[PDB]
Amino acid sequence: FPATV
Amino acid sequence: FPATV
Amino acid sequence: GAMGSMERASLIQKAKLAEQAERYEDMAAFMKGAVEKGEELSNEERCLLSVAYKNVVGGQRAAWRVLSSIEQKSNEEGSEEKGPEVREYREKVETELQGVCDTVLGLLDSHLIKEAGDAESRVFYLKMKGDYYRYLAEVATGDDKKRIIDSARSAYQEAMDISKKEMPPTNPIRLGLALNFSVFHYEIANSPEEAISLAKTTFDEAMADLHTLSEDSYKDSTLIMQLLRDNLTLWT
Amino acid sequence: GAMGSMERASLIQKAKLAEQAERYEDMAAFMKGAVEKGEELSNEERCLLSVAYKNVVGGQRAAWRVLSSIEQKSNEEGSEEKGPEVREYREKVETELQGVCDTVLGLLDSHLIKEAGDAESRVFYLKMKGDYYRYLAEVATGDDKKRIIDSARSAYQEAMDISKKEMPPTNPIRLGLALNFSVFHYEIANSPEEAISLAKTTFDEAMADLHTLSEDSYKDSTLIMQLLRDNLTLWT
Ligand SMILES: *SCCNC(=O)Cc1ccc(Cl)c(Cl)c1
Ligand SMILES: *SCCNC(=O)Cc1ccc(Cl)c(Cl)c1
Ligand SMILES: [Mg+2]
Ligand SMILES: [Mg+2]
Ligand SMILES: [Mg+2]
Ligand SMILES: [Mg+2]
């Protein structure tokens, strides 16, 4: 999965 | 801590 | 709720203790209680709220993905009929996830966003609104799925418009908002080109502004810039 | 309880799904529901029960230790008065932990142990009884603390007596029981010499029996023997 913050 | 199972 | 009798300051203190103990459900319940005191949140308190619910819903999303994978394998050709149990338990986790998202969105709507006037607070809360509609969208399959996606998009877009007008391009909240809106484009809105364009433009404009920053602000901004780069590497 | 309307087989299926999803609270609630159907548990089902509650209470113990540490720092000389919050929240976690231990002990008492006739099931359940009294003892400070410790000791001792009579010295349940009873001696009963003696004698007697085992049984037994060795290295 892609990075989120 | 020591190992327990 | 059950936190109505506890002091606001005590709720904040215990949220910090729960974070140290990695008790994120507790942390979130304490921060919900603090929000419901009706006073605005400080920068640090907004961080406590977002960390708490991010960890809670993050665990639920991870669990939902495991179960959805098992469920879709069970529906392949040659798979044995195992009964309704996989669907039932995926639905149970899904319903609990939706409940947490509805709770967060409820806190933002009553009444965090309408009282947030500064860019740092308003952009933060609108990013959160986009995030928790995004999590609802990840599990949505019904009549309102397009409306959930547009609710995420609308919240992210309003946050973006404010952040571009009121924050420098290295501001960590602006960067984190762009990171997540870009992921929304890639994973939710079937718009990988928009996702890549947003991540690249956000990265390049932050790069050109790093020269204005102290060592500590530089560290904060480059941390999120690296996440933008990581996604671009994943996508190209 | 809330699982009374679900099929026993469906509860077991969902416990396995919850384990795959790392949802150990769910796993434990499903296995509690399965136990309360009143039928005896298979070997695999006993494993599901023990894994579920071990993970739940293990997280609570880890959290309790973090908070107890903070609490004792706050009570040192020169520490600022922060109010009752640390004690209150440590007590909250402690009460939830005691609740889980009481639930497990309740399942063993009603009526898992009294129906367990084979050595593999009876020793397993008595080890569990020793373990969950041991966890109660870790947080005990009141009038009944010595009685909690003796309840752990008595359960472990009965399990040991059966295991020595009815199981080979390499049996993994016998080994795991000895591992945990040895830790009970070291950490609860203030008896490090007994802890070391038990771990060493258990290790040596298992070593001498490895020659009787298949490759797969050898793997199972040596895994727990290594834990005995790890503790001996920690203690000597
Ligand atoms: S708010 C928790 C502390 N901050 C971070 O971990 C980094 C960060 C940066 C930008 C944004 Cl929008 C978030 Cl939510 C977090
Ligand atoms: S029961 C879960 C699977 N078994 C193990 O992980 C290894 C093991 C060995 C002995 C004992 Cl008593 C236990 Cl509880 C676990
Ligand atoms: Mg007050
Ligand atoms: Mg549903
Ligand atoms: Mg039935
Ligand atoms: Mg107490």
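Protein chains in written order, with the numbering used here: chain S, 161 to 165; chain L, 161 to 165; chain G, 1128 to 1363; chain B, 1128 to 1363. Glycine is no exception: its CB is placed at the ideal position from the N, C-alpha and C atoms.
The three-state reading of DSSP puts L/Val165 in coil, since its state is none of H, G, I, E or B. At a cut-off of 8 Å, the C-beta of B/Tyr1262 has no neighbouring C-beta in chain G.
Proximity of the beta carbon of G/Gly1226 to ligand 2 is not indicated: no heavy atom of the ligand is located closer than 7 Å. Distances from the CB of G/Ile1139 to the heavy atoms of ligand 1 are all 7 Å or more. Comparing alpha-carbon positions, the option among G/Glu1171, G/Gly1128 and G/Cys1174 lying closest to G/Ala1156 turns out to be G/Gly1128. Going by beta carbons, G/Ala1333 and G/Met1352 fall inside the 8 Å limit.
Residues of the region 1130-1151 of chain B that bring their beta carbon within less than 8 Å of a beta carbon in chain G comprise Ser1137, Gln1140, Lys1141, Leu1144, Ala1145, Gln1147, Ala1148, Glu1149 and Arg1150, in sequence order. The shortest C-alpha to C-alpha distance from B/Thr1329 to any of B/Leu1168, B/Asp1236 and B/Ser1309 is the one to B/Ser1309. One finds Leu1144 and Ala1148 in chain G with Cβ atoms closer than 7 Å to the Cβ of B/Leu1194, taken in chain order. Of the candidates G/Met1133, G/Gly1269 and G/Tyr1180, G/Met1133 places its Cα closest to the Cα of G/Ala1161. Around the beta carbon of G/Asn1317, fewer than 16 other beta carbons lie within 10 angstroms, which makes this residue exposed. Counted as a single uninterrupted DSSP element, the alpha helix (DSSP H) harbouring G/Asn1182 occupies residues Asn1170 to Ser1201. By the rule that beta-carbons nearer than 8 Å mark a contact, G/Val1213 touches chain B.
Contact between the region 1193-1200 of chain B and the region 1271-1280 of chain B is not established, with fewer than three Cβ pairs separated by less than 8 Å.
Residue contact with chain B for G/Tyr1259: absent (no Cβ-Cβ distance below 8 Å to any residue of chain B). Contact between G/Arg1261 and G/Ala1279 holds, since their C-beta atoms are separated by about 5 Å, short of 8 Å. By a beta-carbon distance limit of 8 Å, B/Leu1304 contacts B/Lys1254. Their separation comes to about 4 Å. Taking 7 Å as the upper bound on Cβ-Cβ separation, chain S lies near residues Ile1351, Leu1354, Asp1357, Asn1358 and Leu1361 of the region 1347-1362 of chain G. In the three-state reduction of the DSSP assignment, G/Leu1340 falls in the coil class. Looking at the backbone, the Cα of B/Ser1348 and that of B/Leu1337 are separated by about 8 Å. Of the other Cβ atoms in all chains shown, fewer than 16 fall within 10 Å of the Cβ of B/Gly1205; this residue is therefore exposed. Ligand 2 approaches B/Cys1174 closely enough that one of its heavy atoms is under 7 Å from the residue's Cβ.
Three or more beta-carbon pairs drawn from the region 1166-1177 of chain B and the region 1139-1150 of chain B are found closer than 8 Å, and the two stretches are therefore classed as touching. Ranked by Cα distance from B/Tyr1216, the first of G/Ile1276, G/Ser1324 and G/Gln1147 is G/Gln1147. Taking 8 Å as the upper bound for CB-CB distance, G/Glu1152 and G/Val1184 are not in contact here, some 11 Å apart.
Counting only runs that start and end inside the region 1291-1330 of chain B, there is no beta strand (DSSP E) element of at least 3 residues.
Taken from the Cβ of B/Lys1254, at least one heavy atom of ligand 2 lies inside 7 Å.
Nearest in C-alpha terms to B/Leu1263, of all of B/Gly1165, B/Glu1163 and B/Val1220, is B/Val1220.
Proximity of G/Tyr1252 to chain B, defined by a Cβ-Cβ separation below 8 Å, is not satisfied. For B/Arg1150, no alpha helix (DSSP H) run applies, since DSSP gives it neither H nor E. With fewer than 16 other CB atoms across the displayed protein chains lying within 10 angstroms of its CB, G/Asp1331 is exposed. Neighbours of G/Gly1303 in chain S, taken as residues whose beta carbon is under 7 Å from its own, are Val165 in chain order. The residues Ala1264, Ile1315 and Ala1316, in chain order, have a CB closer than 7 Å to that of G/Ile1276 in the same chain once the five nearest residues on each side in sequence are set aside. Distance from the CA of B/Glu1342 to the CA of B/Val1250, rounded to the nearest whole angstrom, comes to 24 Å. A residue is called buried once 16 or more other Cβ atoms fall within 10 Å of its Cβ, and G/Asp1258 is buried on that count.
If you check each beta-carbon in the region 1176-1189 of chain G against every beta-carbon of chain B, none falls closer than 7 Å.
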